[PDB]
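Quick note on numbering: my numbering labels position 190 of the sequence shown as 175, and the sequence is numbered without any gaps. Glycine included, C-beta positions come from ideal geometry on N, C-alpha and C.
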Amino acid sequence: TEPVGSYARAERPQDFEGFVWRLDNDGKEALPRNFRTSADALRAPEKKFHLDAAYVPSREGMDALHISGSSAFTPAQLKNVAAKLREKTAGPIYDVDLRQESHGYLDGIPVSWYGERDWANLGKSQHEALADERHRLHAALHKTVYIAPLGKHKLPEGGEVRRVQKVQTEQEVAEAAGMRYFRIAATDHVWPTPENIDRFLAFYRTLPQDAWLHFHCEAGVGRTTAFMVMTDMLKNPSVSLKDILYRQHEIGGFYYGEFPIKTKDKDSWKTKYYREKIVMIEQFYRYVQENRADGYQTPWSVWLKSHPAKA
């Protein structure tokens, strides 16, 4: 049995092998889905979270946060994102890729290698995960591929088949958009790992004071809000858990505080990861508070080890 913060280690990777090239985006809209900025207005909280619609959260720090989120995108969409952001900042803009799934671009069509629940790379090390990705992205060249969108049973639905003539890496699409690139291989519906967060902490500490971080995952909800929240915590350790949590939800992200977890029969397996996320995000706030003074010297992983959370 796993200790809270590590429930995912109990799953069997061999049971979620990639099987299809998922279409990550149709490139129909000029912008990717769920695009938002810390420079945006708060909106009423969504019902599903049962929050207090009359509580006005604090904005201390938001203006200097220089953070944003979004779903996967097409090469064109990335340029439109980079253009909206160049209107709000002048510093270096970072495309912060949070996907452990192997994704890239086939003929410019953004795709990811999809296994049930999106765990085709479950258990792999970041190095391994990126090794799988270079490899099958190269193997797609000059070959016939079936790429498609998932309907709802999360199984393919239409799509198209073509012979691949161009193959690209997310990093290369970013460099074409004028953005810098940084990858943190995080598994899809779970609390990021100690490895993931240690890696984000080290990169965060070397950032130019004026860097702008653009986070994105597959749909741009869970993993991206998780990192947007830790960057909020990390950079405004002064403001309360409540405000940060209400804050990141009211500009279009997920609510990471406790709420009543409701799932479809198909998704019952998600419940524990929703509860585990609630516990770890408060433990991370606790870590921000107890090392903020110190030199965030001690990495999250060494601290987590001697300050375990409880379920």
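CB contact flag (residue i, residue j, <8 Å)
i	j	result
residue 170	residue 85	yes
residue 87	residue 205	no
residue 161	residue 60	yes
residue 238	residue -3	no
residue 151	residue 92	yes
residue 76	residue 196	yes
residue 259	residue 219	no
residue 83	residue 201	yes
residue 222	residue 271	no
residue 62	residue 135	no
residue 264	residue 296	yes
residue 36	residue 241	no
residue 293	residue -12	yes
residue 54	residue 210	yes
Minimum C-alpha distance to residue i - residue among the options
i	options	result
residue 24	232, 279 and 283	232
residue 250	46, 47, 75 and 138	138
residue 199	-14, 79, 49 and 20	79
residue 182	19, 68, 33 and 283	283
residue 146	276, 8, 293 and 227	8
residue 34	44, 247 and 46	247
residue 207	153, 67 and 176	176
residue 159	90, 184 and 291	90
residue 290	203, 180, 224 and 236	180
residue 226	68, 141, 69 and 44	44
residue 30	275, 279 and 236	236
residue 184	140, 142, 286 and 3	286
residue -1	224, 102 and 48	102
Between the CA atoms of residue j and residue i - distance to the nearest angstrom
i	j	result
residue 266	residue 52	18 Å
residue 157	residue 164	10 Å
residue 11	residue 98	16 Å
residue 178	residue 71	32 Å
residue 5	residue 131	7 Å
residue 244	residue 187	31 Å
residue 269	residue 108	22 Å
residue -9	residue 120	29 Å
residue 173	residue 256	14 Å
residue 104	residue 122	17 Å
residue 50	residue 26	14 Å
residue 1	residue 95	21 Å
residue 144	residue -7	31 Å
residue 65	residue 229	28 Å
residue 118	residue 168	13 Å
residue 41	residue 213	20 Å
residue 18	residue 81	16 Å
residue 73	residue 216	18 Å
residue 281	residue 288	10 Å
residue 252	residue 261	16 Å
residue 38	residue 234	12 Å
residue 153	residue 254	34 Å
residue 111	residue 166	15 Å
Per-residue DSSP class, three states only, for residue i
i	result
residue 178	coil
residue 18	coil
residue 226	helix
residue 82	strand
residue 104	coil
residue 167	strand
residue 129	strand
residue 246	coil
residue -2	helix
residue 236	coil
residue 90	strand
residue 148	strand
residue 99	strand
residue 153	strand
residue 140	coil
Min CB distance residue i to chain C below 8 Å
i	result
residue 24	The chain labelled as chain C is not found in the depicted structure, where only one protein chain is given.
query: Counting only runs that start and end within the stretch 190 to 222, where is the alpha helix (DSSP H) found for 4 or more residues in a row?
result: 207 to 220
- prompt: Quick one: complete alpha helix (DSSP H) runs, 4+ long, within the stretch 5 to 81?
  reply: 47 to 50 and 60 to 70
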